[PDB]
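Participant: In the first instance, please consider these chains from the complex; the rest will follow:
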Amino acid sequence: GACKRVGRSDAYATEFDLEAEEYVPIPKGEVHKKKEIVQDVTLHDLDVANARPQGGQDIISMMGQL
Amino acid sequence: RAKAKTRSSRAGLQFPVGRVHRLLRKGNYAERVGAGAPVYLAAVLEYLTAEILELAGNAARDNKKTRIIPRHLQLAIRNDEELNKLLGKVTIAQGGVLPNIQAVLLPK
Amino acid sequence: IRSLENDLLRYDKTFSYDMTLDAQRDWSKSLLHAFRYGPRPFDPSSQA
Amino acid sequence: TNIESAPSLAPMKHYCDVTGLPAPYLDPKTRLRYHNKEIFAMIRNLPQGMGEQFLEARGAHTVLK
Amino acid sequence: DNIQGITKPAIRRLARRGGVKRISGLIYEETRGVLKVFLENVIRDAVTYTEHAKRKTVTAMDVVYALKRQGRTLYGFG
């Protein structure tokens, strides 16, 4: 359930003339790519991810001091 | 009746398309006058007015004055090749001449 | 400019003919000759 | 009958109308799509009576009446 | 070129008709320049009338109107 906006498609590129987006072409492959990945996790990463909230929703960490 | 939209505006003009039309029609230039004709003539009259007045204000600023007068109009109409060709046989009251002294007459 | 460019062409290896004023002013540069006429040189007003 | 022709509503990719190359920007004086500065030079010194024929070839000339 | 078809002899004759006794060699090219400017002015107006009339042929009347426009009224045509 992870989502990223890559850009605005180049068919709707010249709708206006000085919009500010990243105009990328439509991907010339499948729409449903199915691939499998073997991937490792160390138990210390489990320890850290269960102790403190990490990375994703930890927005108060931009202060820095305490 | 629907609200009266002045033709000058319908046109995006300051000049009176209405009066121009009267003058063309009542002025015997021909039996029939189109709407297009008034519009175009009014536009051309505005353009030349603009050019002259612009050059004149430029001259007035050059002489540190706030008010366009005849001498200013004259110096404007004479420093442009095109306006001076359009008005080459016209005299402007209180306009004066452009400063000019021949070389052979200058001190040697 | 031509005198300086001639000197740079003879002694400077990093200076190519493309960087000369004459090169920046020649048919081979403009696209309109390639659009109307092609990569061959201009028409000398011949018959065919 | 004969009213089955349908228009469109979609972003159009505007190309040049002097040449055929893709052109990204137009002009205020003559309203011509143009590719680069050579075509801009040939647009701003073309003889009169042709700057309207390019819009005639593209359409929406709007000649006077 | 074609302007050099207005030959040195032709210009001489025109100067003679005007009462000119002696002609500097520089007159010939000046005369050609002056003539070309005059013809350009008349032809510009003649073509303008021709275009207005939706014609492709320049007529005698277009030239006569162009000349009258410029204060050089020509009798004998039209």
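Facilitator: Ah, there it is. Numbers count the residues shown, from 1 in each chain, chains lettered A, B, ... in the order given.
Participant: Chain C contacts on chain D?
Facilitator: Applying Cβ under 8 Å from any Cβ of the partner chain, we find that chain D lies next to chain C at D:19, D:35-36, D:38-39, D:42. Any C-beta I mention is one placed from the backbone N, CA and C, and that applies to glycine too.
Participant: Pull the contacting residues for the residue nearest to residue A:19 when sequence neighbours are not counted.
Facilitator: Distances taken as Cβ to Cβ, 6 or more residues apart in numbering or on different chains place residue A:8 nearest to residue A:19, at 7.9 Å, with adjacent residues excluded. Listed by Cβ atoms under 8 Å, 6 or more residues apart in numbering or on different chains, the contact set of residue A:8 reads A:19, A:21-24.
Participant: Go ahead and confirm residue B:13 touches residue B:45.
Facilitator: No - counting by Cβ atoms under 8 Å, residue B:13 stays clear of residue B:45, with 9.5 Å between them.
Participant: higher neighbour count, these two?
Facilitator: Using other Cβ atoms under 10 Å in any protein chain shown as the criterion, residue B:13 and residue B:45 rank with residue B:13 on top: 17 against 14.
Participant: From chain D, how far off is that one?
Facilitator: 17 Å (Cβ to the nearest Cβ, to the nearest Å).
Participant: out of everything not next to it in sequence, what's closest to that residue?
Facilitator: Nearest residue to residue B:13, sequence neighbours excluded (Cβ to Cβ, 6+ apart): residue B:42, at 5.8 Å.
Participant: Check the gap between the one you found and chain C for me.
Facilitator: Distance from residue B:42 to chain C, by Cβ to the nearest Cβ: 40 Å.
Participant: After the helix ranked longest in chain C, heading C-terminal, what element do we hit next?
Facilitator: Longest helix of chain C, by residue count under DSSP state H: helix C:2-11. Proceeding N to C from helix C:2-11, the next assigned helix or strand is helix C:31-36, under DSSP states H and E.
Participant: onto the same structure, chain F please:
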Amino acid sequence: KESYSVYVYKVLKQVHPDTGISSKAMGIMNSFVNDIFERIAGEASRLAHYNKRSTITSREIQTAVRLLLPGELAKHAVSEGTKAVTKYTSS
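Facilitator: One more chain to add, chain F, which I have set with the ones above:
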């Protein structure tokens, strides 16, 4: 007693907003307007009578402007006039 004063004033306060113009200068400018009007209208009438037309269309006014005004002046005038007539037609 009608004069193109009003309009000369509106154009002035559009092109040099804080500058005025004198009464004498207004007179001269109004005379300018009348003169150009007359010349263009008259050339247009002549063109009409010469082409056996009885109407002074936009196209007569255009050709009058091209005969009367020199070079760049003529070109810019044609441009402005065409723009104006186009806007009028659109409205």
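Participant: In light of the added chain F, please revisit the contacts of residue A:8.
Facilitator: The contact partners of residue A:8, by Cβ under 8 Å, 6+ apart, come to A:19, A:21-24.
Participant: out of the residues you listed, who's nearest residue B:60?
Facilitator: Comparing these against residue B:60 with Cβ to Cβ places residue A:19 closest, at 44.7 Å.
Participant: burial measure for the closest one, as a count.
Facilitator: 11.
Participant: For chain E, just list every one of the helices.
Facilitator: All helices of chain E, identified by DSSP H, fall at E:8-17, E:27-52, E:60-69.
Participant: Next: chain F.
Facilitator: Applying DSSP H to chain F gives helices spanning F:5-15, F:23-50, F:58-68, F:71-90.
Participant: Can you name the residues that contact the closest residue in space to residue E:42 that isn't next to it in sequence?
Facilitator: Nearest non-adjacent residue to residue E:42, counting by Cβ to Cβ, 6+ apart: residue E:66, 4.8 Å away. Residues near residue E:66 by Cβ under 8 Å, 6+ apart: E:42-46, E:48-49.
Participant: Please report which of the residues you listed has the highest neighbour count.
Facilitator: Counting neighbours by other Cβ under 10 Å, residue E:49 leads the contacts of residue E:66 with 24 neighbours.
Participant: and residue E:76, how many residues sit next to it?
Facilitator: 6.
Participant: cool, residue E:25 as well?
Facilitator: Residue E:25: 7 neighbours (other Cβ under 10 Å).
Participant: how much space is there between it and chain B?
Facilitator: For residue E:25, the distance to chain B - Cβ to the nearest Cβ - is 26 Å.
Participant: From residue E:11, how far off is that residue?
Facilitator: Distance of residue E:25 to residue E:11, given as Cβ to Cβ, to the nearest Å: 11 Å.
Participant: Residue F:35 too?
Facilitator: Counting by Cβ to Cβ, the gap from residue F:35 to residue E:11 is 39 Å.
Participant: Between these two, which has more neighbouring residues?
Facilitator: Higher neighbour count among residue F:35 and residue E:11: residue E:11, with 18 against 13, using other Cβ under 10 Å.
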